[PDB]
Amino acid sequence: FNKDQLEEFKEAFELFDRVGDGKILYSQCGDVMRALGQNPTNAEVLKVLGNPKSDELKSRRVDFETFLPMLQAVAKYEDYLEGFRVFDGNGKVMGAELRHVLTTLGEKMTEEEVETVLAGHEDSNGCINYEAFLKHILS
Amino acid sequence: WXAXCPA
Amino acid sequence: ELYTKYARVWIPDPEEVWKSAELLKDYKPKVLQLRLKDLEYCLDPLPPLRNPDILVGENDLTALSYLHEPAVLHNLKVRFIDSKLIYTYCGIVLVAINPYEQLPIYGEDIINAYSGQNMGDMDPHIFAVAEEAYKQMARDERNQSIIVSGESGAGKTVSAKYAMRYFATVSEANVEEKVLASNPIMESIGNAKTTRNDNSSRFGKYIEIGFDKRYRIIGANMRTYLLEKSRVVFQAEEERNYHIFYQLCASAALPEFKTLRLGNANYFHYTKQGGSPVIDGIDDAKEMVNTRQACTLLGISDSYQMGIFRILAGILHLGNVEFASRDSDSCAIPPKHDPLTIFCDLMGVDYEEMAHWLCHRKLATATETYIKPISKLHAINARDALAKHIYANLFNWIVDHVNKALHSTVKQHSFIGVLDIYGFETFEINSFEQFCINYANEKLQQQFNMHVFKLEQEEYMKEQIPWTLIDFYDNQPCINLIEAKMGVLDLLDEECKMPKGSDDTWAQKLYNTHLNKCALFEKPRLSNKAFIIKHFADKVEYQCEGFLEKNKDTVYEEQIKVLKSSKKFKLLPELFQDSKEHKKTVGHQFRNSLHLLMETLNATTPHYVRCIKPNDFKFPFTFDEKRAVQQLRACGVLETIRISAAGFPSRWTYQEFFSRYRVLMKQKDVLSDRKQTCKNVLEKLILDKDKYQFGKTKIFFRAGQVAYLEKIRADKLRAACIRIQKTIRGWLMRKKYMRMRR
Amino acid sequence: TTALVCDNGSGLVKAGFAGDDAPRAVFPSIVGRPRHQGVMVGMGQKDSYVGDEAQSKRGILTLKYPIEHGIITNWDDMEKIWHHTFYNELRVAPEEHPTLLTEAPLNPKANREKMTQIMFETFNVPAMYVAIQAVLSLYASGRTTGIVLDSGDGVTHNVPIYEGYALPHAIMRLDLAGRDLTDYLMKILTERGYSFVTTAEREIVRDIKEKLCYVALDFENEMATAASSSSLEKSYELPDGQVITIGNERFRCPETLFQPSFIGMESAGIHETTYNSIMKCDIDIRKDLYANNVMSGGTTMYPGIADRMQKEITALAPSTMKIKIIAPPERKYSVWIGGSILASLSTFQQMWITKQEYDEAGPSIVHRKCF
Ligand SMILES: Nc1ncnc2c1ncn2[C@@H]1O[C@H](COP(=O)(O)OP(=O)(O)O)[C@@H](O)[C@H]1O
Ligand SMILES: Nc1ncnc2c1ncn2[C@@H]1O[C@H](COP(=O)(O)OP(=O)(O)O)[C@@H](O)[C@H]1O
Ligand SMILES: [Mg+2]
Ligand SMILES: [Mg+2]
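Protein chains in written order, with the entry's author numbering: chain B, 4 to 79, 86 to 97, 100 to 150; chain H, 1 to 7; chain A, 5 to 33, 36 to 42, 46 to 54, 59 to 184, 189 to 595, 629 to 792; chain C, 5 to 375.
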């Protein structure tokens, strides 16, 4: 990553500061990394944060300069397609089954998160084009 | 028998 | 060998036959650390291993991946306590645990809900086996019979109620009402109170449900076997003779009986012996009225009901008759004696003629006739043989009138039969009655062990792979040991004859003949008095004490002729109405009768129902580990588990496996004939076919291979799913940026 | 399959199946032959008669016994008596069934060998055994301690047995028996002027002996009494309706078992032989032998003989001892009955001398295995 990207990332980072010290929370680090184009697992985020304790995750604040080595470390299709074919064989996926597995298996999401990802992807029958959902989530 | 008696 | 840290494992606890543990550190290719109040543990040159919980609570026990007494024991506990599901399957076997609480489950809805339906497809219920029996009687004309087995007190009779009620609905005639009304008759004559419960069954009972050429029920036939005649004379402290005596005795006041001149049960030698007349929690006194209702509804006229009770008053009065001895050689009844006087007027014979024939044995040849006096012990053994000869004929005649009412006047095409017989047994005294019970259970479990082997061989011959992989436990050396000539019954019959004979000299002959010869017989350390048989379930120790006096019958033809002449009432000549059979000893009569039963059932396909009584105190709907284990051993289930466990316990169909493990798929996994896909795919996945056989219908795995396939299923599932959640959070916060930045 | 159980006395044949209550065929062990030139051409011809046929025809016949003094003494007629018993009396093929044969305790050892050889060669009996009479009386009388006294038509013997050990040196045989009572009865009957000379006429006497004779409790008192009155005297009919009348002459024959000098034996007489058989036994046993005395065999049937035995033996035994006599009316059968028991016991199946084991070993085997 070049200096310009780092400047753009710092500006974005400062936009997410809801406390005014030019910093985000450890618990916001994952959100900022994903918002900046990274796709780390929650496990990867906790690992790069150093498995922080609840208190520093919720209240310790870091500026862009301390964030940066972590962003670098986090930064450094066919599997995703097979992953979608897991949940299919007409190229569609039930909304109910994907909803159940995403909210009860793996890295369970909130109903609001799931409603925001799935909004607009199910048809009147309740079927999702997973190739289309994938293109959407890759956009 | 064979001696002391008739049978 | 692989067990991770945080696997779970089972360890013997003193008062729970297993306890679950986790293992706190990884075991390595002899010492262990576990979490449970925290302990080290140890090995000999493993513990059992615990099924992944999804398998726990499954209805078929052979579905489980690891099979050992813990896995069955808790799986049955969770089904019984948590899910309330009493019925469970192993292989073909059905296993039942009585709630002592009524349930919806027997309702008519459920009856219809099972009809027609293949054995896997429902959840288990007693109706499901009866339905299979019925449809086998459909597919082949051959008869199908149902075998109901277990401890005294465990709902064998109730399971029969349901097994009949299923046919009564799914098959008009009364027969369900008639048979259900029969029970208080047979339970009055044939059931008894014993140390571990009252209302045990002492005989074994078999009902045929009969069908026409289109399988409408026509009617039914009642048979009895294995009657415990020996109880009638002699008993051990806690016990009663059969209920009908006590019910009759309890009604001494009532006017119809009043001429029978009865007495409080302590008054009569046959009832008196146990000192224990009262059943706890139920008075018998009014139960006669329920018996007499059952008889009358079932068609015994009030005259014959009065006859039946008159005879029973006869037998109880007979027991009080008394012998006083002139000599060792000879004994005479005292000159004026109340019970024999009463006995005569009850049964209409000359007092002096019974007084003569009790006292003497006649002996006669073609030319000549002789009268022998006999000793006090012989006069007693004569009276007791006579009492048993009256009683077992009275029983076998009441069974015949119940049969008259229950038969149906049409040619029967085929029949389905329901058998109520009492399970293999252990008590902490064991006596010739138990020796007979355990002999019978030996034959029955042979029939099972061989029929199972047949059905497994069949299921193999559905399939390309051969039988030889199977081996099975074999009862025959024990059967011979008891049964066959110069065996533990045979020497008992011989000791009756040999001029002076006793439980001691019998035991001595037992040891001389067998003690060091054969692996199945053992002497205890601490006495000559007793011996141990290693039955298939367990070593049982039986006392020799009292085998002889219980073993013995000899009826004097010239006594029974006195009764057979009688003119007062028309039952008593009919009982005798009818050779060597007068000679036979009880043990030989039981051998014969068990062979009648066993050829009745060998001709006929069995089906099996166990009962395992969950707790001694009859607390409702609650379980004890220790009893349940003992029952499951005594029912051969734990043996069957081990045998399958080193077998090929697991079955899958191609469809069921492939449809479940599509989670494992990648497109080379799929080729249009699913059989080839599975058979190719597995070749990389697992070390060899030796773990996993293929048939034409089915896929057969060794034990434990399920738990591995489950683990790789979960591993690939989360490998895909967390990477998907990784991208879904990734983009969803990409979009949160683009929405927040704009 | 069941064991035939057979007894050859001197006097009778007693036969049946093991586990019968009583014997099924009884008949005299007697073979008849015609004394005469048969007159009528076209009558049936009988070359000989066996058993109770000869008893019917007897007035025409010589009657011979193939056994006397418990010894088989002419074989080709004894073989005929067995052939009659198996084929005609019991109606069995003997080749299917095993057999027991019965014998007096000391008799010549060749007797066992030939008695074996006939069974195995002639009939192909499956297996066989030979058993001492006074043993089988204990089985019948339900005891394992006692002194048996057993007296046949042809032999008398004590045997002491104690808890199932037979005690060989104890065992003493007399040859007094009902036959020599019978001959002596003919010789005394001549004194009152009746002469019963021929063989069938001997059997006519033998029925007198069976019916009228009784044992004097005191010999001297009744021998005076018969002079003193008619009262003892009693009378009987010959087959032809002659009457014969008999006095002290009827008890005096039983008395020859107590004073063999009347017959001219040298030996003690059955009471004193019984007491001497006890004394030859050990002092520990003796109190229990005195407790059980078992009369066996037909000769013991005489009225009062048990009360005589007790009275006379009392004067020999020590005053304190309990001495007791056992006398079931069965007793004439009791030697068969004991065999009926013995052949049924499952332990016994080890004992049968089998056709294989004989055919390998030869009839010497009967000495070794059987006793
Ligand atoms: N399936 C069941 N449903 C309801 N009650 C039962 C059941 N099984 C057993 N019982 C109870 O336990 C007893 C079992 O039957 P019972 O005839 O007394 O003994 P068994 O049938 O074992 O010989 C019944 O009296 C009843 O109280
Ligand atoms: N009731 C009797 N009283 C006296 N003597 C008898 C009686 N019955 C048979 N005898 C005689 O005793 C002999 C029969 O005794 P038995 O026991 O049959 O001999 P065995 O056992 O050798 O055949 C014959 O001599 C017969 O005449
Ligand atoms: Mg019952
Ligand atoms: Mg004799």
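For every residue, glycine included, the Cβ atom is placed at its ideal position computed from N, Cα and C.
Quiz item: Considering only the beta carbon of each residue, do A:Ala311 and A:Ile202 sit closer than 8 Å?
Solution: A Cβ-Cβ contact shorter than 8 Å links A:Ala311 with A:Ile202.
Exercise. Tell me, please, whether the CB atom of B:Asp34 is closer than 8 Å to any CB atom in chain A?
Key: It does: the Cβ of B:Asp34 has a partner Cβ on chain A nearer than 8 Å.
Quiz item: From A:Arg763 to A:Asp674, what does the alpha carbon distance come to, in whole angstroms?
Solution: Rounded to whole angstroms, A:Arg763 to A:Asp674 spans 36 Å at the Cα level.
Quiz item: Using 8 Å as the limit for Cβ to Cβ distance, is A:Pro61 near chain C?
Solution: So no, A:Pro61 is outside the interface.
Quiz item: Residues bridged to C:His161 by DSSP?
Solution: Its beta-bridge partners are C:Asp154, C:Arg177.
Exercise. Please compile the residues from chain C whose C-beta is within a distance smaller than 9 Å of the C-beta of A:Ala381.
Key: Result: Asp25, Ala26.
Self-check item: Helix, strand or coil at A:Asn208 [DSSP, three-state]
Solution: A:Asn208: strand per DSSP, three-state reduction.
Quiz item: Going by the C-beta, is C:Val9 closer than 7 Å to any heavy atom of ligand 4?
Solution: Not under cutoff, so the answer is no.
Quiz item: If we count Cβ pairs, one from each stretch, closer than 8 Å, do we get three or more for the region 139-149 of chain A versus the region 190-209 of chain A?
Solution: With the rule of 3 Cβ pairs closer than 8 Å, the region 139-149 of chain A does not count as touching the region 190-209 of chain A.
Practice problem: State the DSSP-derived secondary structure class of A:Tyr100, mapped to helix, strand or coil. | Solution: In the three-state DSSP reduction, A:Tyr100 falls in the coil class, being neither helix nor strand.
Exercise. Measure the CB-CB distance between C:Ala138 and C:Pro109 and report whether it falls below 8 Å.
Key: At the C-beta level, C:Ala138 and C:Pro109 come within 8 Å of one another.
Exercise. Report the option in B:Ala130, B:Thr127, B:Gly117, B:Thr121 whose CA atom is closest to the CA atom of A:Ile772.
Key: Selected option, being the one with the closest Cα: B:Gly117.
Self-check item: Secondary structure of C:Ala144, DSSP reduced to three states
Solution: Residue state, collapsed to three classes: helix.
Quiz item: DSSP state of A:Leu62, grouped into three classes?
Solution: Correct three-state label for A:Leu62: strand.
Quiz prompt | Boundaries (first-last residue) of the beta strand (DSSP E) holding C:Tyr69 | solution = Per DSSP, C:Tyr69 belongs to no beta strand (DSSP E) and is neither H nor E.
Self-check item: Straight-line gap, A:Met135 to A:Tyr127 (C-alpha atoms, nearest Å)
Solution: When rounded, the distance between both Cα atoms is 7 Å.
Practice problem: Give me the Cα-Cα distance between C:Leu349 and A:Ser347, rounded to the nearest whole angstrom. | Solution: The alpha-carbon atoms of C:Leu349 and A:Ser347 are separated by roughly 26 Å.
Quiz item: Could you give the uninterrupted runs of the alpha helix (DSSP H) lying entirely in the region 64-124 of chain C, keeping only those of 4 residues or more?
Solution: Annotation note: the region 64-124 of chain C contains the following uninterrupted alpha helix (DSSP H) runs of length 4 or greater, listed N- to C-terminal: 79-87, 113-121.
Quiz item: Which residues does DSSP pair with A:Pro390 in a beta bridge?
Solution: The bridge partners DSSP lists for A:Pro390 are A:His377.
Exercise. Put A:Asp738 into one of helix, strand or coil per three-state DSSP.
Key: Reduced to three states, the DSSP call for A:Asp738 is coil.
Practice problem: Starting from A:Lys502, find everything on chain C with Cβ-Cβ shorter than 8 Å and list it in chain order. | Solution: One finds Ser350, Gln353 in chain C with Cβ atoms closer than 8 Å to the Cβ of A:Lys502, taken in chain order.
Quiz item: Between A:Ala396 and A:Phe432, which are expected to be in contact by the criterion C-beta below 8 Å, what is the C-beta distance as a whole number of angstroms?
Solution: Their Cβ separation, rounded to whole angstroms, is 47 Å, which puts A:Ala396 and A:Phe432 out of contact at 8 Å.
Exercise. Would you mind working out which of B:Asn54, B:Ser62, B:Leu149, B:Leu90 sits nearest B:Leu28, comparing C-alpha positions?
Key: When C-alpha distances from B:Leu28 are compared across B:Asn54, B:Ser62, B:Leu149, B:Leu90, the shortest belongs to B:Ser62.
Quiz item: Can you list, in chain order, the residues of the region 179-200 of chain C whose Cβ is nearer than 8 Å to any Cβ on chain H?
Solution: Here the close residues are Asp179.
Practice problem: Verify the contact flag: C:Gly13, CB atom, against every heavy atom of ligand 4, threshold strictly below 7 Å. | Solution: In terms of side-chain proximity, the C-beta atom of C:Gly13 is found nearer than 7 Å to a non-hydrogen atom of ligand 4.
Quiz item: From the beta carbon of H:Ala7, is the nearest beta carbon of chain C less than 8 Å away?
Solution: So, interface residue.
Quiz item: A:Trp374 to A:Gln576, Cα distance in whole Å?
Solution: Linking A:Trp374 to A:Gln576 through their CA atoms gives a straight-line distance of about 6 Å.
Quiz item: Roughly how many angstroms separate the alpha carbons of A:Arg779 and B:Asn42, rounded to a whole number?
Solution: Cα-Cα distance, rounded: 7 Å.
Quiz prompt | Proximity test, Cβ basis, 8 Å: B:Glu108 and chain A | solution = For B:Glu108, no Cβ of chain A is located within less than 8 Å of the residue's own Cβ.
Quiz item: How would you label A:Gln493, buried or exposed, when you count the other beta carbons within 10 angstroms and need 16 or more for buried?
Solution: Classification of A:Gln493: exposed, given that the 10 Å Cβ count is below 16.
Quiz item: In the structure shown, what three-state DSSP assignment does A:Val427 receive?
Solution: Note: A:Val427 maps to coil in three-state DSSP.
Practice problem: Answer with yes or no whether the minimum CB distance from A:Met371 to chain C is below 8 Å. | Solution: Residue-level contact by beta carbon fails for A:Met371 and chain C, as no gap is shorter than 8 Å.
Exercise. Name, please, each residue of chain H whose Cβ falls closer than 7 Å to the Cβ of C:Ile75.
Key: Ordered by position in chain H, the residues that pass the 7 Å Cβ test against C:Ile75 are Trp1, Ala7.
Quiz item: Helix, strand or coil: how does DSSP classify B:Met36 here?
Solution: The three-state reading of DSSP puts B:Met36 in helix, counting H, G and I together.
Quiz item: What residue from C:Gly55, C:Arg196, C:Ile175 has the CA that sits closest to C:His161's CA?
Solution: Taking C:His161 as reference, the option from C:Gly55, C:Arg196, C:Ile175 with the minimal CA-CA separation is C:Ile175.
Quiz item: So is A:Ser205 buried or exposed if we call it buried at 16+ other beta carbons inside 10 Å?
Solution: Here A:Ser205 is buried, its C-beta having at least 16 other C-beta atoms within 10 Å.
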